[PDB]
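Coordinate analysis (summary)
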Amino acid sequence: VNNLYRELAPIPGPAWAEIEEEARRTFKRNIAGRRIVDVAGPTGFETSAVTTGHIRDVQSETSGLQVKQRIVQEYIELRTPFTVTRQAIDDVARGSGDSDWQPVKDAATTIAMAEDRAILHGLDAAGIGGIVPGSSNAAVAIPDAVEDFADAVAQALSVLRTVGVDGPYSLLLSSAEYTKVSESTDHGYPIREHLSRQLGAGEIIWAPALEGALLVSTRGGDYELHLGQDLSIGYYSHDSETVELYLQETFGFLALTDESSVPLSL
Amino acid sequence: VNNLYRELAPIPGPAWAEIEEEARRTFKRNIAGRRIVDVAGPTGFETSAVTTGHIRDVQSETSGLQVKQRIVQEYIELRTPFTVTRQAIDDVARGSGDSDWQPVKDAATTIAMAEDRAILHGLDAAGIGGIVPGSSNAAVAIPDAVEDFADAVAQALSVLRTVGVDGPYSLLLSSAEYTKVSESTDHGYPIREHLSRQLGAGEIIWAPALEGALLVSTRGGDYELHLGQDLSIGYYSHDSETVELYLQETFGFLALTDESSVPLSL
Amino acid sequence: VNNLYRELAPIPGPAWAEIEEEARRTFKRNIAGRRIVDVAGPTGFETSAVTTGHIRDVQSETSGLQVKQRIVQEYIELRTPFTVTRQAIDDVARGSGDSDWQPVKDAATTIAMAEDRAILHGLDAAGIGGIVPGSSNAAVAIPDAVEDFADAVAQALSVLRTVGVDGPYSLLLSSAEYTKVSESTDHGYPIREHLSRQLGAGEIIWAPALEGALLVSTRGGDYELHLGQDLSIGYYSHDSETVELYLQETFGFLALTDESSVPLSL
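Okay, so let's go over this structure.

A surface patch of nonpolar side chains, about 320 Å² in accessible area, is lined by A:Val1, A:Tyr5 and A:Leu8. Relative to the helices and strands, A:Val1 is located in the segment before α1 (13–30).

Structure (structure tokens):
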């Protein structure tokens, strides 16, 4: 057994497969930061830090002795617990195809939104710097009319061309802004296709953890997600009616390049 | 070239070998912590932290989300710069065997004493916990008479037997206490041989960075020195008369077991 | 060692690779003349001239003796010096991925803009004739409305068809004009795509060293860039805090055909 105590859960193999499939499917559709960030692959639960390669002066009074200390970013562990009824678990073996996995879907939505909220807006209680507050480019204001949003995106593209950052540009929209863009037309054809012709092999991302919008280069050396443990399901507890489980991820995140993104502020 | 800019120093190969030999020889005789601590070998300049395997609660307000952060110890870099005259360097090629390497000897003494001072007494400006302030055993008082020091060492051995720690025991003495023990007899034979019969395949260490004395088990799982870069000579600067160099080490240190050492207080 | 004194710079290999990558990446995105001009490849630092194949009468008073002198264009050397802090250089070996290379980016922008300014507008202090002042076609005036710029480009295309120059036509825009064209629509679709349908396998170039715009044939025998030394990084000087470096290029440039370009004047 490992720290996920999976062999102690009263859950047969095919019920495990269904819980896993709902977790993976819901998590993947709600993660947006992984599509724009270099993802150093999962290196295990035991890894704890990624260095920034910077040092810091340490106070010393010994004559002729200089002390530095390295600076790292310690990995955060995210955990979302969820409770599953044992009747759905047991009904999998009777041939049910409609067992209630809505708690695992809610947990996968919560952990995906927490991961994108750490990557995009930072987590200051742990010293994670997000892409949006670390951007050195000023925020281009989102207009209240959706017919001017393509002009705001072209202004952000001219900002990124002006500061010397060229690559494929992805545009991450918040759920409200993605909704406004998906439910609007300008000359008979939708505003999402007004946006997708400006990008040119960059994509338009629904980012439900974002607030406004974010234009970002997928140049490929600017943001680093250091995944320790990828999305894993663990066991916590059970009684006669329910099994208590959790989802878990460990990672560090480093936003190296400040200039390669333009926030679109609400 | 690497971060030690050795190929830019105006120092021929055989002068480099003499500086290296004086540095290694002086450093090894003055290090005492490496003889009692498990030394995980040099893993390079790039390593920056060793995990403690402990986590810490991070403040979060998202419903159903728990955030932890790993806890590591960031490596410290020690640097001792020293200046060598170019006349000694150049005289090596004329066949001199008495070139002045006293600055490198002073630098090696300083960096060895800084390393043992970090291991034994801690470095609180960097969060290194030393063996002596981390000891859970109370301090056995060193008597002012050197004829009672063997009784203090036997009392410390009974402390270590009482708390259930048995292995070969090493006894690290400060330079003043090592001097008092080496310059004293009790029944015609020296007090260092009164001490060495109590230890029984443990050794008596001269530890010039210590203040009083320290009895410690070499059981072999209690203290971990995580060497990043071992003792290296780097180049800094030169003028027509002198070359400015430095010695460098990077390491983390973890004192796992609090109970396996008894301080002997002055 | 060669005239770039690279082996004397206190810069390790991987820091050199990062400086090189930033220099190449910034230089390539800011050069526009190399995309329209035949580039005779780099022949080395030692080459000094390219002939124009024309001669000139020399004054002689000897009876029955005619003296001519060949006419060449001497290569120019461009040098942009930049200073890099040694802390960024040294942090590369500690695993930093955010070392400050903004000085090399500013230097690469400056040397790319100087090269395009020599190719496009000439360098009269060295006798380089640019494409724009050497054009025998009159300037088609850029309208102040961006909705008429496609009509100005069609007028310039009819000029080039009228003087008998047909090939793929590229359109080089200044940064202001490229910005106005990228941030504008005419019937729901951008003005850059109004321009790109007139060209027909010719491209639309952002040329930040240009003033107005320039339509030009890539017929393929009209303009010759004779590269002596391609973009190279050299070492100049260093102190304890910074290394002084430079970027360098050597080239001659010949604009053979006057008729194959139409300037679009501001």
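Moving on, we come to the interface of chain C and chain A. Residue-level contacts link 21 residues of chain C with 22 residues of chain A. For the pairing of chain C and chain A, the buried interface totals around 1800 Å² over both sides, and the portion due to carbon and sulfur atoms is 47%. Counting the surface chain C buries against chain A, the share from its top three residues, C:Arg29, C:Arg94 and C:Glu183, is 35%. Viewed at the interface, chain A and chain C are joined by 2 salt bridges. Ionic pairing is found between A:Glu259 and C:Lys105, a salt bridge with its closest N-O pair at 2.8 Å. Where chain C touches chain A, the interface holds 9 residue pairs in polar contact. Secondary structure elements with two or more residues in the side of chain C that touches chain A: α1 (13–30), α2 (86–92), α3 (102–121) and α5 (175–182) of chain C. For the side of chain C that touches chain A, the per-class residue count stands at 4 nonpolar, 10 polar and 7 charged.

A cluster of acidic residues, A:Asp144, A:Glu147, A:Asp148 and A:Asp151, forms a negative patch at the surface. Position of A:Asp144 among the secondary structure elements: in the loop between β5 (140–141) and α4 (149–162).

Let us now look at the environment of A:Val181. Residue and element names in this part refer to chain A. By the element assignment, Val181 lies in helix α5 (residues 175–182). Taking the C-alpha atoms as reference points, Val181 and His194, separated by 13 residues in sequence, lie 9.4 Å from one another. Among all residues touching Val181, those that are not within four sequence positions of it are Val146, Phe149, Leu173, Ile191, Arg192 and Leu195.

Here we take up the relation of the copies chain B and chain A. Both copies of the chain are related by a screw-like operation: a rotation about an axis and a shift along it. For the pair chain B and chain A, the superposition axis carries a translation of 0.0 Å, the fit reaches an RMSD of 0.0 Å, and the rotation angle comes to 180°. As the rotation angle and translation indicate, the two copies are arranged about a two-fold axis. Residues of chain B ranked by C-alpha distance from the rotation axis are headed by B:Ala49, positioned 3.7 Å from it. When the interface residues of chain B are mapped onto chain A, 100% of them again fall at the interface, so both copies present the same face.

Residues and elements named next belong to chain C. Within the structure shown, the criterion is met by 0 aromatic pairs over all chains. Seen from the ring of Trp16, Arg6 lies directly overhead, with NZ or CZ sitting 4.1 Å from the centre. For the cation-ring pair, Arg79 lies above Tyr246, with the distance from its terminal atom to the ring centre recorded as 3.7 Å.

Aligned on chain A, chain C shows an RMSD of 0.0 Å; the corresponding rotation is 72° and the shift along the axis is 0.0 Å. What the rotation and shift describe, once combined, is the action of a five-fold rotation axis. Using C-alpha coordinates, one finds that chain C approaches the rotation axis most closely at C:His187, a distance of 6.9 Å. Each copy contacts the other with its own distinct surface, as only 10% of the interface residues of chain C are interface residues in chain A too.

Moving on to the sheet that holds strand β10 (residues 242–255) of chain B. Sheets are built from strands that pair by backbone hydrogen bonding, the pairs being arranged parallel or antiparallel. With respect to topology, 6 strands assemble into an open sheet ordered β2(A)-β3(A)-β4(B)-β10(B)-β9(B)-β1(B), the strand pairing being mixed. Of all the strands in the sheet, just β2 (49–58) of chain A together with β1 (38–40) of chain B have a single pairing partner and so form its edges. Between one strand and the next, the sheet's axes are offset by a mean angle of 30°, whatever the strand orientation. With 3 bridges joining them, β1(B) and strand β9 (residues 223–238) of chain B adopt parallel strand pairing. Considered in β9(B), the bridge of B:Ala40 is made with B:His226. Against the sheet, helix α1 (residues 13–30) of chain B makes contact with β4 (76–85), β9 and β10 of chain B, and its axis sits at roughly 145° relative to β9(B), the strand it touches most. Contacts from helix α3 (residues 102–121) of chain B reach β4, β9 and β10 of chain B within the one sheet, and its direction differs from that of β4(B) by about 165°.

The rules we used
Residues numbered from 1 in each chain as written, not as in the entry; some residues may be left out. Chains lettered and ligands numbered in written order. Part of a larger assembly, values for the part shown. Heavy atoms only, no water. Patch = residues over 30% accessible without salt bridge, like charges linked within 9 Å, V, L, I, M, F, W, Y side chains within 5 Å. Areas by Shrake-Rupley, 256 points an atom, 1.4 Å probe, with all protein chains shown as cover. Salt bridge = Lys/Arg side-chain N within 4 Å of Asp/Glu carboxyl O. Helix = DSSP H or I, 4+ residues; strand = E, 2+ residues; numbered from the N terminus. Contact = heavy atoms within 4.5 Å. Buried area = accessible area lost by both parts, 1.4 Å probe. Polar contact = N/O pair within 3.5 Å; in protein donor to acceptor, adjacent residues only side chain to side chain. Nonpolar A, V, L, I, M, F, W, Y, C, P; charged D, E, K, R; others polar. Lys, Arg positive; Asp, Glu negative; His and termini not counted. Charge placed at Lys NZ, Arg CZ, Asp CG, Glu CD. Least-squares fit on C-alpha atoms. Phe/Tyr/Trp six-rings, centres within 6.5 Å; stacked < 30°, edge-to-face > 60°. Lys NZ or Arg CZ within 6 Å of the ring centre and 35° of its normal. Pairing = 2+ DSSP bridges. Axes fitted to C-alpha atoms, helices over the stretch in contact; angles between N-to-C directions.

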